[PDB]
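Protein chains in written order, with the deposited numbering: chain V, 1 to 87; chain W, 2 to 130; chain C, 34 to 250; chain A, 2 to 207; chain X, 2 to 97; chain R, 2 to 126. All residues carry an ideal CB built from backbone N, CA and C; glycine is no exception. This report refers to the structure that appears directly beneath it.
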RNA sequence: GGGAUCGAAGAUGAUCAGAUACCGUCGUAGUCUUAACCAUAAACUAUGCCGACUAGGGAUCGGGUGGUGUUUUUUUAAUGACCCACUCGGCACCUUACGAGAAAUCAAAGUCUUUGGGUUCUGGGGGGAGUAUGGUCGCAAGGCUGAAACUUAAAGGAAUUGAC
């Protein structure tokens, strides 16, 4: 949201979920933010560089956050041969 | 028995969006449904979707992104005139800023802002926001 | 001098978080009202109701006091707190505290055009508590707050300038009404609009950038 | 985003077959039939131990993502998991909670049981159910060691194993412990097996 | 679908349903039957005149014990006997 | 009902937990011990403490009563590291170098594409 | 027509306490059929009917498809009967809550202020009153339909505590 001067007029842009793309609100405490560590060639974690995920309280509460995070990881190349798109 | 088909279609779309899913299977299909989903797809409340033939009346598989809040039908298809649009957009939309009451005019089925621009009217099917 | 006990609190004491928009951005549970007091210095409370309730506690007929208190910025940060206590002023103070804890932001927007500051809300919203349902509708500029004076005061403690309201249910019981209006103004940051379809990258928390600080020693 | 260094080891696969980690539960829930390989004719399902291995790999990545190693908490009310969790946290740097979980340990900022994790790891989501429900209020990720009929409410990355056999539990904690330490940098070479035996994490009684 | 017809050629059923269900109101049934024009003592007017026949010491017992000061009147327009209260005069000294 | 007060119980218990071997079965020497080893202002309450030391010393020479002795917690710390068997049940030498496993689990390992020593013992229902 | 049991009425012996009313024995009608009449129930699942979608789980009932399953071995089979896996179509159960509701509770009493799948019927504070009158159906008993005058600030539904 902006004004007629083209400058933004909001308090904060909300975080959206990643499994269902819905808004993670300012008091969803059943939601979860996940960091997965970027690895080295030796298999050491880079300390300050992560890949992040957002799994909302509806997603996590329904009992789906495992499968959905498997999907997101294998689609981002962190898993392989786990999440099958056909069932 | 099964009397309206666009109503059942938007019922299933809305239920699967409420559960947060990604795809739906609509049975049966119609020309009206295809045009409606094209109107949705033009502004992009959905991604791509796909017809399936079985020689009877097709099925549809819809990929739905995350953007749909709610869609629905107005089941008695009311006759509307031009200023009458300003009634229904005052009733169904969540703001004056967005949302699309969709009409069935003689020049095709489309959202209300295009019928403002094309300066036509007709009947009404449903609402998307 | 206030000592924290939570690692959010000693982040706030360290001057490492500036606004609550980080906390609102990261869906964090707050448990220290001193955070709210240090980050909302222009936070102005107002009592809504003080009422004596007669308890029957272990053969003792006694008088306690239910205090329904609203805190609220003149910008969009609202809080509701209901507290029963043995004393009037203790009920006032702890209701203030509970309202400090349950502060939620609001998304006040436009009606029609895009000029100046947002004055009305951005969409329609609805809250429910008990049988009380409160429906908020945007209003044109300078139209005031068409609401009952409890609800009107909870909206004036939000910086909401223009809104139409309609309720349903037994709105006599004013705490259900204030809770339903509070849910309605909390759900405004809960309805996804096409101007927020833009995909954004997930930023990191202050919990890990400042992880070496703010740890329990 | 993974080298072929991370792939499944023949030694580790012999370990996992010896511990009966592949022997899944009798009844399988809806959300974990991806992890099933097949059902034996006696009614026991088979767990894809390669999927299990790569789930441990991703869990070890997540454990590596927490900067200060103290906010990682391991949890067990399971008897064998008490031993496993204690020796895990000994070799790890994480903090253990063996035995009975005190409610209000993650809420209640006043009491002495008040801890502020950034990750919770669970042996049995049915035996440690209240720890899952407690973590569901203060925004904590949950790693669980789920058998094939374990409930998957409020869980993140869940590892398919057998929570019945103590060898399976101790070995799962063992492999997760060593893989985390290899990811840290205290176990610089990957060719090196972890020198402490998996018998230190198995449960004993005189 | 909410137990009522929604077909686009069904205005008749809706308005017959309303004309049947408006007899369950109070003001409608008094109003369209000519109730006030037949049995109400004023005959549907805001005031009336009459001739005092009696002064009455009516009694209100519970929970308020008071001696109500009333007057039995016969109205001029109808020939209708109506009792009525008279306020503020403990003596009824303005009334005979 | 001669219930000992809290001071006599706690003082006598502490004098036996810290200072066990000096104390004896006899009241008259434990009385002089309580005279010399604790600053008890009154003879009477000293006699209370000393006779309760005498009674608890009669009780502890029959068996270990639940006092304080910091000589066993370190042994329990050692007990964690004592029973580390040199051949695990995971070690193949327990089963002659081979993994005795079923047909479907062998099918799993074949699907993994990893070569292990396996003996296929079939089961049925 | 039948009439054995029990038994609205009735005919009767009562009595002893204020332990309540008593009770007990005989017993016509009826209870059972045939030919007709009547059309009412807490005729309740207190939940109209048709149709779609939305979580699991394990039992059953009817049908069907598989099994180098099992057993009765008749020599192998084939029957059957169980076990396993799947599929329809039921009567029920048990969790939760995503959602609903005032709550008890509800996989529908959900997809409802973000209010529209189709359609039938019903209600508008409590009494007066299912009363009065009229019509209609019936031999009768009654059923259906169905008021007003007048009177009144509550009558209610669910849940919660402890004081005779």
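- Bridge pairing for residue 111(W): 104(W) [DSSP].
- Non-local beta-carbon contacts of residue 35(R) in its own chain, meaning distances under 6 Å to residues more than five positions away in sequence, involve 47, 50 and 51 in chain order.
- Within its own chain, the residues whose Cβ lies closer than 7 Å to the Cβ of residue 157(A), once the five positions on either side in sequence are excluded, are 142, 143 and 144, listed in chain order.
- Assigned with DSSP and collapsed to three states, residue 71(V) falls in helix.
- Restricting attention to 69(A), 109(A), 146(A) and 207(A), the CA atom closest to the CA of residue 96(A) is found in 69(A).
- In terms of CA proximity to residue 124(A), 147(A) leads the group 147(A), 136(A), 114(A) and 131(A).
- Interface criterion not met: the Cβ of residue 175(A) is under 8 Å from no Cβ in chain C.
- Using a C-beta cut-off of 8 Å, the segment 15-32 of chain X makes no contact with the segment 37-45 of chain A, since fewer than three inter-stretch Cβ pairs fall below that distance.
- In this structure residue 67(W) touches residue 20(V) by the C-beta definition: roughly 6 Å separates them, less than 8 Å.
- Within chain W, 21 have C-beta atoms less than 8 Å from the C-beta of residue 58(V), given in sequence order.
- For residue 52(A), the closest of 37(A), 90(A) and 136(A) by C-alpha to C-alpha distance is 37(A).
- Taking 8 Å as the cut-off, the beta carbon of residue 85(C) is found no closer than this to the beta carbon of residue 222(C).
- When C-beta distances to chain W are compared with 9 Å, the residues of the segment 9-43 of chain V below that value are 16, 17, 19, 20, 21 and 22, in chain order.
- Only buried fits residue 64(A), as 16 or more other CB atoms lie within 10 angstroms of its CB.
- Residues of chain A whose Cβ lies closer than 8 Å to the Cβ of residue 248(C) are, in chain order, 69 and 71.
- The beta-carbon distance between residue 165(C) and residue 128(C), rounded to whole angstroms, is 20 Å. This is too long to meet the 8 Å contact definition.
- Taken atom to atom, the span from the alpha-carbon of residue 228(C) to that of residue 151(C) is near 15 Å.
- Between residue 22(R) and chain A, the shortest Cβ-Cβ separation is not below 8 Å.
- Counting along the chain, residue 61(X) sits inside the beta strand (DSSP E) bounded by residues 51-61.
- Legend: CB atoms of the segment 46-71 of chain A lying less than 7 Å from CB atoms of chain C belong to residues 68 and 69.
- When 138(A), 112(A), 32(A) and 155(A) are compared, the shortest CA-CA separation from residue 126(A) is found for 155(A).
- Burial check for residue 34(A): the Cβ neighbour count within 10 Å stays below 16, so the residue is exposed.
- Within chain V, the C-beta atoms nearer than 9 Å to that of residue 67(W) come from 16, 17, 20, 21 and 22, in chain order.
- Of all residues in the segment 69-86 of chain W, the ones placed with a Cβ closer than 8 Å to any Cβ belonging to chain X are 76, 77, 78 and 79, in chain order.
- Judged by their CB atoms, residue 103(W) and residue 40(W) are nearer to each other than the 8 Å cut-off.
- Look at residue 241(C): its C-beta is under 8 Å from a C-beta on chain A.
- Excluding residues up to 5 positions away in sequence, 157 and 197 lie with their Cβ nearer than 6 Å to the Cβ of residue 170(C) in the same chain.
- Neighbours of residue 17(W) in chain C, taken as residues whose beta carbon is under 7 Å from its own, are absent, since the nearest beta carbon is some 16 Å off.
- Within the DSSP secondary-structure output, residue 119(R) pairs in a beta bridge with 100(R).
- For residue 8(X), the neighbours in chain W by C-beta distance under 7 Å run, in chain order, 77.
- Per DSSP, the beta bridge partners of residue 110(C) are 138(C).
- Counting along the chain, the unbroken beta strand (DSSP E) around residue 38(A) starts and ends at 37-40.
- In the displayed model, residue 77(X) falls within coil according to three-state DSSP, outside both helix and strand.
- Counting C-beta pairs with one atom in each stretch, the segment 71-78 of chain R and the segment 29-44 of chain R have fewer than three that are closer than 8 Å, which means they do not touch.
- Three or more pairs of CB atoms, one per stretch, sit closer than 8 Å, so the segment 112-130 of chain W contacts the segment 78-88 of chain W.
- Take the alpha-carbon of residue 30(A) and the one of residue 49(A): they are about 15 Å apart.
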